[PDB]
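Asker: You'll find start12.cif just under this line, and it carries mmCIF, C-alpha atoms and all ligand atoms.
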```cif
data_protein
#
loop_
_atom_site.label_atom_id
_atom_site.label_comp_id
_atom_site.auth_asym_id
_atom_site.auth_seq_id
_atom_site.Cartn_x
_atom_site.Cartn_y
_atom_site.Cartn_z
CA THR T 6 -25.52 39.36 129.98
CA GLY T 7 -28.68 41.04 128.76
CA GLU T 8 -27.01 44.35 129.69
CA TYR T 9 -26.38 46.96 126.98
CA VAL T 10 -22.65 47.73 126.55
CA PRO T 11 -22.13 50.63 124.12
CA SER T 12 -19.65 50.67 121.25
CA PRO T 13 -16.14 51.73 122.30
CA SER T 14 -16.49 54.43 119.63
CA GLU T 15 -17.80 57.44 121.58
CA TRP T 16 -19.40 58.81 118.43
CA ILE T 17 -21.35 55.60 117.71
CA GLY T 18 -22.36 55.24 121.37
CA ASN T 19 -23.50 58.85 121.36
CA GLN T 20 -25.56 58.42 118.17
CA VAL T 21 -27.31 55.35 119.61
CA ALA T 22 -28.02 57.31 122.80
CA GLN T 23 -29.51 60.37 121.11
CA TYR T 24 -31.62 58.25 118.76
CA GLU T 25 -33.15 56.15 121.59
CA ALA T 26 -33.73 59.20 123.82
CA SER T 27 -35.72 60.87 121.05
CA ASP T 28 -37.38 58.04 119.08
CA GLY T 29 -35.07 58.99 116.20
CA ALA T 30 -35.92 62.69 116.09
CA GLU T 31 -32.27 63.28 116.95
CA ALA T 32 -29.37 61.42 115.31
CA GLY T 33 -31.95 59.89 113.00
CA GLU T 34 -30.14 60.32 109.70
CA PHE T 35 -26.76 59.91 108.06
CA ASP T 36 -25.95 61.45 104.65
CA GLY T 37 -29.49 62.87 104.69
CA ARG T 38 -30.96 59.38 104.83
CA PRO T 39 -32.85 57.56 107.65
CA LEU T 40 -31.17 55.28 110.17
CA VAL T 41 -32.39 52.44 112.33
CA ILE T 42 -30.83 51.01 115.47
CA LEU T 43 -29.97 47.32 115.44
CA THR T 44 -29.62 45.48 118.78
CA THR T 45 -27.80 42.14 118.78
CA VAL T 46 -26.55 39.69 121.42
CA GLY T 47 -22.78 39.62 121.77
CA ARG T 48 -21.70 36.10 120.89
CA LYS T 49 -18.79 36.26 123.37
CA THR T 50 -20.01 38.51 126.20
CA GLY T 51 -23.76 37.96 126.10
CA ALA T 52 -24.00 41.76 126.23
CA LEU T 53 -26.66 43.60 124.24
CA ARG T 54 -24.98 45.58 121.47
CA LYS T 55 -26.52 48.49 119.54
CA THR T 56 -25.48 49.64 116.09
CA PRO T 57 -26.84 52.41 113.83
CA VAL T 58 -27.27 51.18 110.21
CA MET T 59 -28.99 52.56 107.12
CA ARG T 60 -32.74 52.01 107.00
CA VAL T 61 -33.72 49.65 104.16
CA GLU T 62 -37.37 48.72 104.43
CA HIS T 63 -40.09 46.86 102.52
CA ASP T 64 -43.30 45.15 103.73
CA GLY T 65 -42.24 45.39 107.38
CA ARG T 66 -38.98 43.61 106.70
CA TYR T 67 -35.61 45.35 106.99
CA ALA T 68 -32.39 44.51 105.30
CA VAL T 69 -29.19 45.37 107.07
CA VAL T 70 -25.93 45.56 105.16
CA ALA T 71 -22.66 44.63 106.88
CA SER T 72 -20.46 47.11 104.99
CA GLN T 73 -18.70 48.78 107.92
CA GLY T 74 -18.02 51.87 105.79
CA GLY T 75 -16.19 49.76 103.22
CA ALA T 76 -13.90 48.05 105.74
CA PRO T 77 -12.39 44.72 104.63
CA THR T 78 -13.60 42.75 107.67
CA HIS T 79 -17.10 41.87 108.90
CA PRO T 80 -18.37 43.96 111.83
CA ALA T 81 -18.96 42.37 115.23
CA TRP T 82 -22.75 42.66 114.92
CA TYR T 83 -22.59 40.40 111.90
CA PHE T 84 -20.91 37.62 113.87
CA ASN T 85 -23.44 38.19 116.64
CA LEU T 86 -26.32 37.57 114.21
CA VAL T 87 -24.69 34.44 112.80
CA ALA T 88 -24.46 33.05 116.38
CA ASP T 89 -28.02 34.07 117.30
CA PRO T 90 -30.18 35.68 114.61
CA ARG T 91 -32.61 37.15 117.13
CA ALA T 92 -32.41 40.93 117.22
CA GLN T 93 -34.23 44.14 117.92
CA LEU T 94 -34.71 46.72 115.23
CA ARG T 95 -35.69 50.21 116.31
CA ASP T 96 -37.20 52.41 113.60
CA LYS T 97 -38.06 55.72 115.22
CA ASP T 98 -40.64 54.90 117.91
CA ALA T 99 -41.21 51.27 116.87
CA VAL T 100 -39.14 48.51 118.46
CA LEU T 101 -39.38 45.27 116.50
CA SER T 102 -38.32 41.81 117.62
CA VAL T 103 -36.92 40.19 114.50
CA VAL T 104 -34.86 37.23 113.34
CA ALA T 105 -32.01 37.66 110.83
CA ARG T 106 -31.50 35.54 107.75
CA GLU T 107 -28.46 36.05 105.48
CA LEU T 108 -29.54 36.37 101.83
CA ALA T 109 -28.26 34.74 98.65
CA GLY T 110 -29.33 34.49 95.02
CA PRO T 111 -32.27 36.42 93.50
CA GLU T 112 -33.67 37.30 96.93
CA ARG T 113 -30.36 38.95 97.80
CA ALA T 114 -30.34 40.75 94.44
CA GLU T 115 -33.77 42.20 95.14
CA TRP T 116 -32.75 43.55 98.55
CA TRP T 117 -29.37 44.73 97.25
CA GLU T 118 -31.24 46.87 94.71
CA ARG T 119 -33.43 48.18 97.51
CA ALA T 120 -30.37 48.93 99.63
CA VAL T 121 -28.52 50.79 96.87
CA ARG T 122 -31.66 52.84 96.14
CA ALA T 123 -31.67 53.84 99.82
CA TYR T 124 -27.92 54.49 100.05
CA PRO T 125 -26.07 54.55 96.70
CA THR T 126 -22.73 54.51 98.49
CA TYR T 127 -23.25 50.80 99.18
CA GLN T 128 -22.49 50.11 95.51
CA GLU T 129 -19.19 51.96 95.83
CA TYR T 130 -18.36 49.70 98.78
CA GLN T 131 -19.21 46.49 96.90
CA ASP T 132 -17.23 47.66 93.87
CA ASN T 133 -14.27 48.08 96.19
CA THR T 134 -14.48 44.60 97.76
CA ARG T 135 -13.91 41.22 96.13
CA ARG T 136 -15.89 39.68 98.97
CA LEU T 137 -19.70 39.67 98.68
CA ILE T 138 -21.08 42.11 101.29
CA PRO T 139 -23.38 40.33 103.73
CA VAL T 140 -27.03 41.35 103.38
CA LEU T 141 -29.31 40.10 106.17
CA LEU T 142 -33.05 40.17 106.12
CA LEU T 143 -34.76 40.99 109.42
CA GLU T 144 -38.07 39.16 109.59
CA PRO T 145 -40.90 39.69 112.13
CA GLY T 146 -40.51 37.62 115.30
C1 LIG K 1 -16.56 48.89 116.66
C2 LIG K 1 -17.36 47.60 116.84
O1 LIG K 1 -18.64 47.78 116.23
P1 LIG K 1 -19.16 46.66 115.17
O2 LIG K 1 -20.21 45.76 115.70
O3 LIG K 1 -17.87 45.92 114.61
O4 LIG K 1 -19.85 47.56 114.04
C3 LIG K 1 -19.04 48.35 113.16
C4 LIG K 1 -19.96 49.31 112.41
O5 LIG K 1 -20.74 48.54 111.49
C5 LIG K 1 -20.90 50.09 113.31
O6 LIG K 1 -20.10 51.08 113.97
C6 LIG K 1 -22.01 50.77 112.51
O7 LIG K 1 -22.86 51.49 113.40
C7 LIG K 1 -21.50 51.77 111.48
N1 LIG K 1 -22.60 52.15 110.59
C8 LIG K 1 -22.99 51.23 109.63
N2 LIG K 1 -22.33 50.06 109.52
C9 LIG K 1 -22.69 49.15 108.60
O8 LIG K 1 -22.05 48.08 108.55
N3 LIG K 1 -23.69 49.37 107.73
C10 LIG K 1 -24.40 50.51 107.71
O9 LIG K 1 -25.34 50.67 106.91
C11 LIG K 1 -24.07 51.56 108.69
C12 LIG K 1 -24.74 52.78 108.79
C13 LIG K 1 -24.34 53.69 109.79
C14 LIG K 1 -24.99 54.92 109.90
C15 LIG K 1 -24.63 55.83 110.89
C16 LIG K 1 -23.59 55.50 111.77
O10 LIG K 1 -23.23 56.37 112.74
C17 LIG K 1 -22.93 54.29 111.67
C18 LIG K 1 -23.29 53.38 110.67
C19 LIG K 1 -17.57 47.33 118.30
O11 LIG K 1 -18.51 47.82 118.92
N4 LIG K 1 -16.68 46.53 118.87
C20 LIG K 1 -16.81 46.13 120.26
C21 LIG K 1 -17.35 44.70 120.44
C22 LIG K 1 -18.75 44.57 119.84
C23 LIG K 1 -19.35 43.19 119.94
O12 LIG K 1 -20.45 42.98 119.45
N5 LIG K 1 -18.65 42.25 120.58
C24 LIG K 1 -19.21 40.92 120.72
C25 LIG K 1 -18.24 39.86 120.19
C26 LIG K 1 -17.97 40.08 118.70
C27 LIG K 1 -17.01 39.05 118.12
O13 LIG K 1 -17.25 37.75 118.24
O14 LIG K 1 -16.01 39.38 117.51
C28 LIG K 1 -19.64 40.64 122.13
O15 LIG K 1 -19.89 41.54 122.93
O16 LIG K 1 -19.79 39.38 122.52
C29 LIG K 1 -15.48 46.28 120.95
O17 LIG K 1 -14.44 46.29 120.30
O18 LIG K 1 -15.43 46.38 122.27
#
```
Represent the structure contained in this file as structure tokens.

Answerer:
Amino acid sequence: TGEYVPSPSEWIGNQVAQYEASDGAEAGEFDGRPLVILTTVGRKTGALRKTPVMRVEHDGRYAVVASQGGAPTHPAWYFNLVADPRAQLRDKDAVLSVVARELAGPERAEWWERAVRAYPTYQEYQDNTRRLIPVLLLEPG
């Protein structure tokens, strides 16, 4: 409870670790594009959970996209946000307290365009799912 428990994936855990140790100077990009670290509260364990995701930024808001590399199912961090939308978003040296809001309609469309601009592969994922990919807006706390 309130304790960070890393992803069981050694590679993900290791990427979170290097990013935090270096303010994103290490492990700060994937596919040549910037990452941020999302911290959520585990809805079952109360553990703090930390997840690298693509950076998608505008006016101090961040959108996070629950694509899980084009996996069929939602990732755990998505359920965590639905249970408690409070999160931390680390972008390099800045650590923001934010609250998540899942997007729909024209607002979603706007951030989806921003997300695909940032990481075109997201469109490939959506094309390959019949389920709408969750896009959550992280707003300043
Ligand atoms: C593997 C799983 O992680 P996850 O939360 O499902 O997240 C899956 C992935 O999205 C996560 O690995 C992302 O970091 C992958 N990922 C991206 N994932 C994305 O979805 N979008 C991205 O843009 C993205 C970019 C990215 C860039 C670099 C990189 O290295 C990884 C990237 C996990 O940690 N499972 C834990 C539990 C985690 C958890 O939060 N448990 C909750 C309960 C959750 C529940 O109720 O089911 C708790 O503790 O209470 C476990 O099995 O022990």

Asker: Counting all atoms listed in the file, write as a PyMOL selection string all protein and nucleic acid residues lying at most 10 Å from (-24.8, 41.5, 122.8) in the file's frame.

Answerer: chain T and resi 6-11+44-55+81-82+85-86+89+92

Asker: Now that the selection is made, can you save its residues with C-alpha atoms as a compact mmCIF listing (two decimals), keeping the file's coordinate frame?

Answerer:
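What follows is the written file part.txt:
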```txt
# COMPACT_ATOMS: atom_id res chain seq x y z
CA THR T 6 -25.52 39.36 129.98
CA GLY T 7 -28.68 41.04 128.76
CA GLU T 8 -27.01 44.35 129.69
CA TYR T 9 -26.38 46.96 126.98
CA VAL T 10 -22.65 47.73 126.55
CA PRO T 11 -22.13 50.63 124.12
CA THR T 44 -29.62 45.48 118.78
CA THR T 45 -27.80 42.14 118.78
CA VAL T 46 -26.55 39.69 121.42
CA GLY T 47 -22.78 39.62 121.77
CA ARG T 48 -21.70 36.10 120.89
CA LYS T 49 -18.79 36.26 123.37
CA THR T 50 -20.01 38.51 126.20
CA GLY T 51 -23.76 37.96 126.10
CA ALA T 52 -24.00 41.76 126.23
CA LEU T 53 -26.66 43.60 124.24
CA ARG T 54 -24.98 45.58 121.47
CA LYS T 55 -26.52 48.49 119.54
CA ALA T 81 -18.96 42.37 115.23
CA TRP T 82 -22.75 42.66 114.92
CA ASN T 85 -23.44 38.19 116.64
CA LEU T 86 -26.32 37.57 114.21
CA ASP T 89 -28.02 34.07 117.30
CA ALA T 92 -32.41 40.93 117.22
```

Asker: Identify, on the basis of all atoms listed in the file, every residue whose closest approach to residue 126 in chain T does not exceed 12 Å; exclude the query and any residue fewer than 6 positions from it along the same chain; express the result as a tab-separated table (two decimals) with C-alpha atoms, in the coordinates of the input.

Answerer:
```
chain	number	residue	atom	x	y	z
T	35	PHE	CA	-26.76	59.91	108.06
T	36	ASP	CA	-25.95	61.45	104.65
T	38	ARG	CA	-30.96	59.38	104.83
T	59	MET	CA	-28.99	52.56	107.12
T	70	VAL	CA	-25.93	45.56	105.16
T	72	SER	CA	-20.46	47.11	104.99
T	73	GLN	CA	-18.70	48.78	107.92
T	74	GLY	CA	-18.02	51.87	105.79
T	75	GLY	CA	-16.19	49.76	103.22
T	117	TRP	CA	-29.37	44.73	97.25
T	120	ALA	CA	-30.37	48.93	99.63
T	132	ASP	CA	-17.23	47.66	93.87
T	133	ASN	CA	-14.27	48.08	96.19
```

Asker: Quick one: distance from atom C24 of ligand LIG 1 (chain K) to CA of residue 43 in chain T in Å, one decimal?

Answerer: 13.6 Å

Asker: Nearest to ligand LIG 1 (chain K) among T:65, T:139, T:37, T:80, with distances taken over only C-alpha atoms and all ligand atoms: which residue is it?

Answerer: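 For ligand LIG 1 (chain K), the nearest of the given residues is T:80.
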
Asker: Rank nothing, just name the residue among T:79, T:91, T:63, T:135 nearest to ligand LIG 1 (chain K), using only C-alpha atoms and all ligand atoms.

Answerer: T:79

Asker: Please list as a list in words every residue within 12 Å of residue 17 in chain T, counting all atoms listed in the file and excluding residues in the same chain fewer than 2 positions away.

Answerer: residues 10, 11, 12, 13, 14, 15, 19, 20, 21, 22, 23, 24, 32, 35, 42, 54, 55, 56, 57 and 58 of chain T

Asker: How would the residues just picked look written out with C-alpha atoms as a compact mmCIF listing (two decimals), in the frame of the given file?

Answerer:
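Done, and the output landed in selection.txt:
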```txt
# COMPACT_ATOMS: atom_id res chain seq x y z
CA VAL T 10 -22.65 47.73 126.55
CA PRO T 11 -22.13 50.63 124.12
CA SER T 12 -19.65 50.67 121.25
CA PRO T 13 -16.14 51.73 122.30
CA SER T 14 -16.49 54.43 119.63
CA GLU T 15 -17.80 57.44 121.58
CA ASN T 19 -23.50 58.85 121.36
CA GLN T 20 -25.56 58.42 118.17
CA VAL T 21 -27.31 55.35 119.61
CA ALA T 22 -28.02 57.31 122.80
CA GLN T 23 -29.51 60.37 121.11
CA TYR T 24 -31.62 58.25 118.76
CA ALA T 32 -29.37 61.42 115.31
CA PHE T 35 -26.76 59.91 108.06
CA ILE T 42 -30.83 51.01 115.47
CA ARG T 54 -24.98 45.58 121.47
CA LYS T 55 -26.52 48.49 119.54
CA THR T 56 -25.48 49.64 116.09
CA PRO T 57 -26.84 52.41 113.83
CA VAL T 58 -27.27 51.18 110.21
```

Asker: Kindly extract all protein, DNA and RNA residues lying within 12 Å of the coordinates (-35.6, 37.2, 111.9) given in the file, considering all atoms listed in the file, and supply them as an MDAnalysis selection string.

Answerer: chainID T and resid 45 65:69 86:87 89:94 101:108 141:146

Asker: Just checking: using only C-alpha atoms and all ligand atoms, which residue out of T:100, T:112, T:26, T:127 ends up closest to ligand LIG 1 (chain K)?

Answerer: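 Using only C-alpha atoms and all ligand atoms, ligand LIG 1 (chain K) sits closest to T:127.
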
Asker: Edge lengths and centre in Å to one decimal, as JSON, is what I'm after for the box along x, y and z that holds all listed atoms of ligand LIG 1 (chain K) once 6 Å is added on each side.

Answerer:
```
{"center_x": -19.9, "center_y": 47.1, "center_z": 114.9, "size_x": 22.9, "size_y": 30.6, "size_z": 28.0}
```

Asker: Can you tell me how far atom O14 of ligand LIG 1 (chain K) sits from CA of residue 84 in chain T, in Å to one decimal?

Answerer: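 Interatomic distance here is 6.4 Å.
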
Asker: What is the distance between atom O7 of ligand LIG 1 (chain K) and CA of residue 129 in chain T, in Å to one decimal?

Answerer: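 Separation of atom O7 of ligand LIG 1 (chain K) and CA of residue 129 in chain T: 18.0 Å.
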
Asker: Pick out the closest residue to ligand LIG 1 (chain K) from this set: T:64, T:28, T:96, T:34. Count only C-alpha atoms and all ligand atoms.

Answerer: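 Under the stated criterion, the closest residue is T:34.
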
Asker: From the options T:119, T:71, T:99, T:109, which residue's atoms come nearest to residue 131 in chain T, counting only C-alpha atoms?

Answerer: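 Of T:119, T:71, T:99, T:109, the one nearest residue 131 in chain T is T:71, counting only C-alpha atoms.
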